[PDB]
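Architecture at a glance
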Amino acid sequence: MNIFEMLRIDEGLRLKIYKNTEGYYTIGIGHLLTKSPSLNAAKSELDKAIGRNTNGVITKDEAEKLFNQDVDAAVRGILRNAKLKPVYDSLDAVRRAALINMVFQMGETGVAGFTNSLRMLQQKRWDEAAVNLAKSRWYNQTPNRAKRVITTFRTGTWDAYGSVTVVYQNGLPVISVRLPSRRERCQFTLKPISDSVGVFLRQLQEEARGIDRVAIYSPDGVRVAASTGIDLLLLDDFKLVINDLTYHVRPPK
């Protein structure tokens, strides 16, 4: 687990233009297109960023190119900023991920404004930083994300960021799930011959008694049918929604 998977989770993946929680036109894995309120400006800014006429739709290959760029833009952006560098330097890989996340979301100068929190951060004053971060305009606008980021700063662990993987054992797919509180994973072994997406999903609910929503979608964002066989599901990556979090699952070919 790392910043790339962390941001996948926070940002999801959309292949058509859409408005983020701040109402700004966005595409892919949280790629901010513009701050203009004009859709046509967004649509034009899209085409330049891709290098073809997009008609407001991109592919997964195009999504992940942008993504890798924006993160290096963020991580580089950190390293050339006065306030943000020594903190970044001080922190371990996990809290550095938390910070890039913050930059990634709201830009460099947006994240310099947290002088106090950054100072507390730098001195290793975890909970103080956390308590303080929870008082920002940030937290109010995007609360549960900020909560996830703030927890990563407090603990320096991935507790708030779950994850799902698929790995074959005894020639059978085994889906481990690691939820946003319990670093005790859970695994589900499946029979692709006979089991379906709905079976897997009913299993999933019959585990945690706190889940209120579970779904599977294509990478393109389309709901996969419950009656679909797991054999077919595992021919390609997919998105597992589990309460608010969406996880990009990537079965081994």
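Residues numbered from 1 in each chain as written, not as in the entry; some residues may be left out. Heavy atoms only, no water.

For this deposited structure, the header cites X-ray crystallography as the method used and 2.85 Å as the resolution.

Per the PDB entry, the protein carries the name Endolysin,Calcium uniporter protein, mitochondrial and comes from Enterobacteria phage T4. Quoted verbatim from the Catalytic activity (unreviewed entry) field of the UniProt record, the comment on the protein reads "Hydrolysis of (1->4)-beta-linkages between N-acetylmuramic acid and N-acetyl-D-glucosamine residues in a peptidoglycan and between N-acetyl-D-glucosamine residues in chitodextrins." We quote the UniProt Sequence similarities (unreviewed entry) comment for the protein here in full: "Belongs to the glycosyl hydrolase 24 family." (UniProt positions renumbered as here; feature names shortened; annotations may be inferred.)

Let's shift gears to the packing of helix 1 (residues 3-11) against helix 5 (residues 93-106). The contact between helix 1 and helix 5 brings their axes to 10 Å, and the two run at 45°. The angle between helix 1 and helix 5 places the two elements in the oblique class. In the crossing of helix 1 with helix 5, the sense of the turn from one axis to the other is right-handed. Contacts from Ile3, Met6, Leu7, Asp10 and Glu11 in helix 1 reach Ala97, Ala98, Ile100, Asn101 and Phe104 in helix 5. Here the residues of the contact of helix 1 with helix 5 are counted per class, giving 7 nonpolar, 1 polar and 2 charged. (Axes fitted to C-alpha atoms, helices over the stretch in contact; angles between N-to-C directions. Helix = DSSP H or I, 4+ residues; strand = E, 2+ residues; numbered from the N terminus. Parallel < 35°, antiparallel > 145°, perpendicular 65-115°, else oblique. Left-handed = near helix turned anticlockwise from the far one by under 90°. Contact = heavy atoms within 4.5 Å. Nonpolar A, V, L, I, M, F, W, Y, C, P; charged D, E, K, R; others polar.)

Of all hydrophobic cores here, the largest spans 73 residues; its most connected members are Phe200, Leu240 and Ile242. By residue number, the principal contributor to this core is helix 5, which donates 8 residues. Mapped onto the domain boundaries, this core takes at least three residues apiece from domain 1 (1-162) and domain 2 (164-253). (Core = buried A, V, L, I, M, F, W, Y, C linked by side-chain atoms within 4.5 Å. Buried < 20%, exposed > 50% of the residue type's maximum accessible area, 1.4 Å probe, protein only. Domains from an automatic or database assignment.)

As a further point, take the environment of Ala98. Looking at where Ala98 falls in the secondary structure, it is placed in helix 5. The exposure class of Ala98 is buried, given its relative accessible area of 0%. Taking the C-alpha atoms as reference points, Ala98 and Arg148, 50 residues apart in sequence, are found 8.9 Å from one another. Excluding residues that lie within four positions of it along the chain, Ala98 makes contacts with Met6, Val149, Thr152 and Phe153.

What follows deals with the packing of helix 3 (residues 60-79) against helix 5. Interhelical geometry of helix 3 versus helix 5 gives an angle of 110° and a closest axis separation of 9 Å. The angle between helix 3 and helix 5 falls in the class roughly perpendicular. Residues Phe67, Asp70, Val71, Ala74, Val75 and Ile78 of helix 3 form the contact with helix 5, whose participating residues are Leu99, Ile100, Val103 and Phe104. Looking at side-chain class alone, the contact of helix 3 with helix 5 contains 9 nonpolar, no polar and 1 charged residues.

A few words now on unusual backbone geometry. At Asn55, a residue that is not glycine, the phi angle is positive and equals roughly 55°. Mapped onto the elements, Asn55 comes out in the loop between helix 2 (39-50) and helix 3. Its identity is not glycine, yet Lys124 carries a phi of approximately 70°, on the positive side. Relative to the elements of secondary structure, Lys124 occurs in the loop between helix 7 (115-122) and helix 8 (126-133). Residue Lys124 is classed as exposed on the basis of its relative accessible area of 52%.

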